[PDB]
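1. Structure for the following, please:
(6 chains)
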Amino acid sequence: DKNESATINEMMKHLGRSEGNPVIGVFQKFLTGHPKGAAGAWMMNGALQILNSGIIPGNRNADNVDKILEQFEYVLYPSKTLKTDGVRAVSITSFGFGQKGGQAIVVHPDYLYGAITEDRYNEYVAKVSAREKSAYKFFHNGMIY
Amino acid sequence: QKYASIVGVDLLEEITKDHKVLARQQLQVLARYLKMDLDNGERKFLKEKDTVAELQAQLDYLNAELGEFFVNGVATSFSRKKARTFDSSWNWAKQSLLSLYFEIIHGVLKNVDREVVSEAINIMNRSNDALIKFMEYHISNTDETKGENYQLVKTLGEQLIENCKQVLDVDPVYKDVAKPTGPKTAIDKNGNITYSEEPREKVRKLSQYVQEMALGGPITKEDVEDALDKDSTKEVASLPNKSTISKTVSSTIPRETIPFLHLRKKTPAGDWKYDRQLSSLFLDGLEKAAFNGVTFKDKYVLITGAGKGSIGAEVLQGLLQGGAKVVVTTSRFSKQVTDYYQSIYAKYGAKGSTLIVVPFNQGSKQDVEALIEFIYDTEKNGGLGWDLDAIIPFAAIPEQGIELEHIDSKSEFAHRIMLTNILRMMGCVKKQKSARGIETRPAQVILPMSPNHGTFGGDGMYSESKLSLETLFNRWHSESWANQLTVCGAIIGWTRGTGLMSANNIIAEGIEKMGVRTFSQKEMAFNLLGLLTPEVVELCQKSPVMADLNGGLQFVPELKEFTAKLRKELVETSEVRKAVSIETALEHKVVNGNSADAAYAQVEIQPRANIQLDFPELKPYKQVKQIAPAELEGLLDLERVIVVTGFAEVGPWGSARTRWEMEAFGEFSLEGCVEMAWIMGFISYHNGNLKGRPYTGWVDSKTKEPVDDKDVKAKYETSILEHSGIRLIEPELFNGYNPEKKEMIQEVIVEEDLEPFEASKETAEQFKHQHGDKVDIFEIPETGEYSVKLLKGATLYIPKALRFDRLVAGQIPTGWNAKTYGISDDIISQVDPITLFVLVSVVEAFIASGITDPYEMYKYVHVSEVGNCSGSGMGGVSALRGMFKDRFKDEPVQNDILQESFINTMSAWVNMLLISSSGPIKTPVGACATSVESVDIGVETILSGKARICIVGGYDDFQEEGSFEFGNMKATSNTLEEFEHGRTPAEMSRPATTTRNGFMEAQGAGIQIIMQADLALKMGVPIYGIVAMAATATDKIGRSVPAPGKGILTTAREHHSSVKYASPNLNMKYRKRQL
Amino acid sequence: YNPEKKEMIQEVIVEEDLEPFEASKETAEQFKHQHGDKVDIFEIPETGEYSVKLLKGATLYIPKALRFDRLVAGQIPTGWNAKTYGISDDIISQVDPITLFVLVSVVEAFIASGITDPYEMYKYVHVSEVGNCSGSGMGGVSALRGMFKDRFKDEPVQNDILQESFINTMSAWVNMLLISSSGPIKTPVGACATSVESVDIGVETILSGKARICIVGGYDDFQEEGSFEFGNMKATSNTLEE
Amino acid sequence: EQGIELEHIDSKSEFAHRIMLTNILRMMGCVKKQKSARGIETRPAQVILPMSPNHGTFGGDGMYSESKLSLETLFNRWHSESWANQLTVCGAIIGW
Amino acid sequence: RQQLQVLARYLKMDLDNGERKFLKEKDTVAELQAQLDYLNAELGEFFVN
Amino acid sequence: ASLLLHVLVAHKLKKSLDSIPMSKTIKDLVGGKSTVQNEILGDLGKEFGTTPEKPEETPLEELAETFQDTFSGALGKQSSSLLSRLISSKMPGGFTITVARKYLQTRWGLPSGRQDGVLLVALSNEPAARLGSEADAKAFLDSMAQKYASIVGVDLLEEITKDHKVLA
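-> Residues are numbered from 1 along each chain as shown, chains lettered A, B, ... in the order given. Find the structure here:
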């Protein structure tokens, strides 16, 4: 938590993140634990629960953060949930034994469909709706039996 | 019986006594050869006893003389480790700012609300040259055009940036803005006796209030109009602007006329009477405390009695707003208690502000010779290093219905809570001052008195408790502690909402008619806070004082039955209309019959659970072709663009649909209260008939007694949360693991041999090849299977338990059987548990992708283009347990065990069960980053061309093979030393925390289907997200594992050598033309 | 390891109790939490360290040998100490044997590349462009033996043991000893194809751009934890019937 | 108890408080229970509570203040409560 | 010392019950007392005596 | 104190009593693998109880002097467990701690404190395997006793039976 947070500072201290544009510490582990090798998904799942939701959770077990994290002015450490007008990107970063660390990030899909033509989009659209339904069906036929 | 069914073949003593006695005799005589008493093993057993009876006879005299309440309630509830400091104002201030940045534009707060102000001050009170920057960007980068709300904040926040700027370099204040509210007893014609605390109208402020507090009332006889509820955005600039005064409202005091808030003064007689002047400046500070507010900077305070929804809290909510450094206490130490005490600080605590929650019972002497120590002590001894500049012991217990002859322990216990311990409390800071010689920073004391001395009836020993406190004056002169403690006797009147008068809440409206005021606790909060004012503080540092915060309820006489009546009327006027209303309705039912009125028993539908998949929403091409640059069209090779198409998960909070809930919402819907019940074996389905009747819906699974998805939450929500999330480890999920009896081993030597046995003819020989010069196998001629006695000098392996500490983890929800999901019993009996966790994770992921026949993929793609790139850390540990530890143990382990211990096994069972994919298929193991690594390959794999589709993820399990190993590495939070910190299972995982001590291991999975983009489009699937970047990094050779570092910073490599001439490549347009 | 005396285990029951002993005051209590209604701990007043007799009806764990068949394999040349190659004694005393087998393999590989100061690579390349993409099958089995089978056995196993049982440990000791490379670094486990898999990523990794250089390979060890497991799967050639 | 100031307040006082106050109460709350039963409500018991004005005026008398000062609320009750027909107060004030 | 114990088996006569009593009589005491001294600590020997 | 401190710093580093110099600091002796600094600190705490706030720099003798100030001939819990495991795993059958103390006080004449010192010194020269007979046990005990003395400086009819048999 101390070194996972410094770095963030630099990589924003180095890329020109506007002073006063911190990035919001999500800590999906106060609930669950450390799934050793599973983490990156639990937190790569959230990210998408988030992206489309617009929400940001918080460590509902954060009594009091450490003073020494105040020098990391490029970050926050919430403890209460936060609905938003919209997220546009996210960062996952894993630091495991052996130094094989990691950093994945994410973008909001809707920054995609602007790469293409209308007719192809609304064509994609319908082809999905059907799915959700057929999927809705399965999920429940199976969930029951 | 089974063999017969399968084959068909059914179907004196005195000789001893003597034969004993000699043994019974040769027994004793032997002892003489060794002088070995056979009774000492009882005399101990008797002296251990006689000492007990008396030990007890003492112990029950007490319970007889004192009482089980006293004794069981006079317990210790304090540690120097169950504390909780709270100092991160510099962050919360940025939590709360945004909460406005959204609650506004989600139309949750309007300009006509009273909390934006109650908020902003709690922000401005926390000002920092960065915090400012936090918003300037959040404001200067706001697109007001999006909607009025986007202007509602782009406008005012600019008042803040400056308001917060002025205060920068200031000290902070307690400016309350609450709408002071009056009581309202309402009853309808069916006895709907209901109370509401409504906004008074004469007085929609505190300035207006303190006036009507000044103007007294008819019996107490012997403007700056602005935009509170109209436009708070303009009230913004009114907060730093010090609206001064010369028309001192303390001049609004008529003669012969007593206000509602007066202090007092003593006469040489022995009484206390209303001064005017003295009690006239208490109020200028208030009016001052209201237009400008008071600070409490540099204070250091103790307070007790602060249960949520009480009065010792609204003081706190203030003290925190001042700049205080405070101590609060509780006898109900728990989790919910703190998140409360956490929310305060995250909303009120201001610059320098500091609270400390502690467990405490003021009935324990040894618990107060211990706390103040923990204060008047250093941070080396674990102390706190503070001095106390004030005190506030409001803590007590209810006693109601207790008249005289019903006075026993529970009161004798309270008397000691308030009186004989506050004394011993205060007689326990001086001893900590006198030593250190502090005699200019004494401690102002705030003794909550009240005039209800026998006036009421059955309050128990609430009379000579708070009445034997007005002799803290007769002493402050007599005694020696005057230079260290000083008194502000307070007199709390009729407040409302507290658990002392809320029963009486329904006659307040009735009393005010007699020309009186009844305060909200937030109103009575304003008072004792205004009793800390730097004006008074001298007034006590000269001579003690007393504050009568009673509205005049010492004049309205014979109040006892005066009150008994006011409510004894309501009951009648109410109960009768519960009786009349029904009989008349009843009457109406015999002449007309419910035959016609039955239809008026309207049909009311309970809702029903309709789970959903959480597919994204798709907005028209406009909203999106706009949000992004129009230059993007035709500018991306989608085949090289990656995307996520599905995902799922397993954990101690079940799937990804429900965890979200406990992740963001903190609690379940019913859509998640049943799903998280279908997957714990609480409920089931049934269609057909039961009772002969056709039930078609949810049902128990142990009783099959039908149920609706409404009586579920109330029926199961509890055990779920007791058996879901982090917990105390539950053995049966781990086939016997009892962290407090950890079955272990010891290689002792034997020194003599017997207890022979007779085993197998082939075990009895594996012993010789091992134990040679040793056990004699000595066939037993009769049956034909050998015998053994080990020998006088062999080795053994003998067990233990080794009470072990780390005993918590994210056990999946107790009751998770894959069966529920559609799995057989052969697989589970063959395979490593963890692999279950995966298969489910996959289906649910395809489910999440419009995919339920994986074979479908092969319509658009070639089977040679469907990869997995998943993998675990340790993996399969449940089998390794089967090879190294089990086989050693003579156990019937299976034989394919090791094709499952591996880590390519679980991405294989998958293909061996769902996919039918295509050969060279990767399987990362990065112990804790294996799930990004999985994603890095998972992409390179794809946009290389190897695969149009992949699978990515991670998984692992928890067993005593792994945790213990994680123990002596001292990485996971211990549990005991989390108990002595009085923590709780569900809060040991403490990210970004000042007292963080380690982590917890979980067990489950999590996966993700990623694909080419172009595919998903012509494939018709839910695109949840994107993966624009993914990576892994490391210093150098596998050199030292347990410490991380810079490695990833290289995802920011760039050469800033010259940034003047812009790199046009970032400007799409440039990139478009080239294309 | 004596494949003809494979030290093993049996959970017999006892039927009478003696041969008391007198251990520790803290082992003699770990026995009670486990063996209850059982061994009487009965301090010996004189010296001060407790005594024990088990009881007439307890459980035991008693050994065997289990003459076992598969007893051959490609044992590295008897006499192979990394010391010969330039390794300390602290590492070896800390680390899983197999990892020795790797470090040597690397140096000799750079040797084979005109490379003996890996740091040299960094003249032409950026440290952020030197990857490993190696890995094993089971890996580290010598440690797993230390957790499940050994700790059970009252043994003085070390404590960092499990940062070595893993499979990212051995491509790490490397960087923790030679390279000083750059973060997210892959570690395949395809039990028996892990060394091509290593090569597939090892390339994609590269011509993607993540890395101008990589490292690829494989490694694993042989112990009675693994072979025996391979035995009852009837995959390895028996020896007797040979 | 003499010479006892605040920080020197411990058992010996917590014991006295209980001698005078929390036991006289329990005393008087232990005759009514013996009257209410037998129904005696015309021969009540006059009580004589030795008060004294030395409430903090003197110094180290210990918890002699809120002992005998928390007795003048045997009036605030004699109306509130139910024992009026059985006990009655004559608060006395002994001087020098 | 040996013929001693084996005899007991002929009568099934525990030679330790004469101590286990002596120990449970004990563990119950410590706690019995641990209660008793909390009081003297919280209340005081004056009160109690 | 220095003796126990070195014994504990060695039994956690698997080095000889002389192989670890009391002049160096633990931060340097650890070699960098910080996964052992915390372990050694916890062991010293369980053995001594009170140490400087940051012992990562204090020299071996540095903390040993403060320990001698604190420790008072106390075997400790960690040292007691270590000696018990040593006398259980690597010790001839029947050679419990009591028999070893007796053999040390009889065949070498060393007091109870000298006995504890010899046991702690043997804790360094840990026998890699279980000595079979009481002879090798007495031998290892005498060797560890000579080592302890070098490190501290303190050197140094039957027919009754036959009948008692025949009846048997």
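
2. can you give me the helices for chain F?
-> Applying DSSP state H to chain F gives helices spanning F:2-11, F:26-29, F:37-47, F:60-70, F:77-89, F:97-106, F:112-122, F:134-152, F:159-166.

3. Would you enumerate the residues in contact with the residue nearest the centre of chain A?
-> Centroid-nearest residue in chain A: residue A:47, 2.5 Å away (criterion: C-alpha atoms, centre = their mean). Residue A:47 sits next to A:90, A:92, A:106, B:1025 when contact means C-beta atoms under 8 Å, 6 or more residues apart in numbering or on different chains. Any C-beta I mention is one placed from the backbone N, CA and C, and that applies to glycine too.

4. Could you tell me how far the third one is located from residue B:552?
-> Spelled out, it's residue A:106. With the distance defined as C-beta to C-beta, to the nearest Å, residue A:106 ends up 65 Å from residue B:552.

5. One more: the last one?
-> Between residue B:1025 and residue B:552 the distance is 66 Å, computed by C-beta to C-beta.

6. tell me the helices in chain A, going along the chain?
-> Here chain A has its helices, by DSSP H, at A:3-13, A:39-53, A:118-144.

7. Nearest to residue F:35 among these would be which one?
-> Nearest to residue F:35, of all the helices of chain A, is helix A:3-13, at 16.4 Å by C-beta to C-beta.

8. and the helix ranked longest in chain B, what does it pack onto?
-> As assigned by DSSP H, the longest helix anywhere in chain B is helix B:559-591. Contacts defined by 3 or more C-beta pairs under 8 Å, 6 or more residues apart in numbering or on different chains; DSSP states H and E place helix B:559-591 against helix B:508-512.

9. Off-centre distance for the helix it packs on?
-> Distance, stretch centre to chain centre, for helix B:508-512: 39 Å (C-alpha atoms, centre = their mean, to the nearest Å).

10. Please name the strands paired to the helix or strand following that helix in the sheet, noting orientation.
-> Using DSSP states H and E, the helix or strand that directly follows helix B:508-512 along the chain is strand B:519-520. Taking DSSP bridges as the criterion, strand B:519-520 forms sheet pairs with strand B:495-496 (parallel).

11. what does the strand it pairs with rub up against?
-> Outside of strand B:495-496, the residues that reach it under the criterion C-beta under 8 Å, 6+ apart are B:183, B:197, B:311, B:501-502, B:505, B:508, B:518-521, B:523-524.

12. follow-up on the earlier one: minimum distance to residue F:120: which of the helices of chain A has it?
-> helix A:3-13 (39.5 Å).

13. quick one: buried residues of the closest one?
-> By 16 or more other C-beta atoms under 10 Å in any protein chain shown, the buried positions in helix A:3-13 come out as A:4, A:5, A:6, A:7, A:8, A:9, A:11, A:12, A:13.

14. cool, and stretch B:903-911?
-> B:903, B:904, B:905, B:906, B:907, B:908, B:909, B:910, B:911.

15. What of stretch A:85-94?
-> Neighbour counts over stretch A:85-94 (16+ other C-beta under 10 Å) mark A:87, A:89, A:90, A:91, A:92, A:93, A:94 as buried.

16. Okay, and the beta partners of the last one?
-> Beta-bridge pairing of residue A:94, defined through DSSP bridges, involves residue A:102.

17. same question, the third one
-> Partner residues in beta bridges with residue A:90, using DSSP bridges, are residue A:106.

18. how about the helices in the stretch 351-500 of chain B?
-> Using DSSP state H, counting those that start in this stretch, the helices of the stretch 351-500 of chain B run over residues B:371-375, B:409-426, B:430-434, B:463-466.

19. okay, those helices in CSV with mean neighbour count and distance to chain D next?
-> Formatted as CSV, these follow (neighbours: other C-beta atoms under 10 Å in any protein chain shown; distance: least, C-beta to the nearest C-beta, whole Å):
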stretch, mean neighbour count, distance to chain D
helix B:371-375, 20, 11
helix B:409-426, 24, 5
helix B:430-434, 19, 5
helix B:463-466, 26, 2
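
20. closest to chain A out of those helices?
-> Using C-beta to the nearest C-beta as the measure, helix B:371-375 is the one of the helices of the stretch 351-500 of chain B that comes nearest chain A, at 17.7 Å.

21. how about the residue in chain F that chain D sits nearest to, what does it touch?
-> Per C-beta to the nearest C-beta, residue F:50 is where chain F lies closest to chain D, at 30.7 Å. Residues near residue F:50 by C-beta under 8 Å, 6+ apart: F:66, F:70.

22. Go again with 7 Å.
-> Neighbouring residues of residue F:50 by C-beta atoms under 7 Å, 6 or more residues apart in numbering or on different chains: residue F:70.

23. Same check on the one 5 residues further on?
-> Remark: with contacts taken as C-beta under 7 Å, 6+ apart, residue F:55 is in contact with F:26, F:41, F:63.

24. residue in chain A nearest to chain C?
-> Using C-beta to the nearest C-beta, the closest approach of chain A to chain C is made by residue A:98 at 3.4 Å.

25. Could you do chain B as well?
-> Nearest residue of chain B to chain C, counting by C-beta to the nearest C-beta: residue B:1039, 0.4 Å away.

26. what's next to stretch B:933-951, contact-wise?
-> If you take C-beta under 7 Å, 6+ apart as the criterion, stretch B:933-951 is touched by A:100, A:102, A:104, B:640, B:642, B:857, B:861, B:865-871, B:922, B:924, B:926, B:952-954, B:1007, B:1009-1012, B:1015, B:1027, B:1030-1032, C:184, C:186, C:201, C:204-205, C:208.

27. Stretch B:331-349: end-to-end distance?
-> Stretch B:331-349 has its terminal residues 22 Å apart, counting by C-alpha to C-alpha, to the nearest Å.

28. That one close to chain A?
-> Yes. Using C-beta under 7 Å from any C-beta of the partner chain, stretch B:331-349 comes into contact with chain A via B:338, B:339, B:342, B:346.

29. Which of the contacts of strand B:495-496 are buried, as a ChimeraX select command?
-> Here is the ChimeraX command that selects the buried residues among the contacts of strand B:495-496 (16+ other C-beta under 10 Å):
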select /B:183,197,311,501,505,508,518,519,520,521,523,524
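
30. Looking at the contacts of strand B:495-496, point me to the pair that's furthest apart.
-> Every pair of those checked by C-beta to C-beta; the farthest is B:183 and B:311, at 16.2 Å.

31. Pull the contacting residues for residue 114.
-> Since no chain was named, I'll use chain A. By C-beta under 7 Å, 6+ apart, the residues touching residue A:114 are B:624, B:625, B:627, B:628, B:629, B:632.

32. Oops, wrong one, chain B.
-> B:177, B:178, B:179, B:228, B:229.
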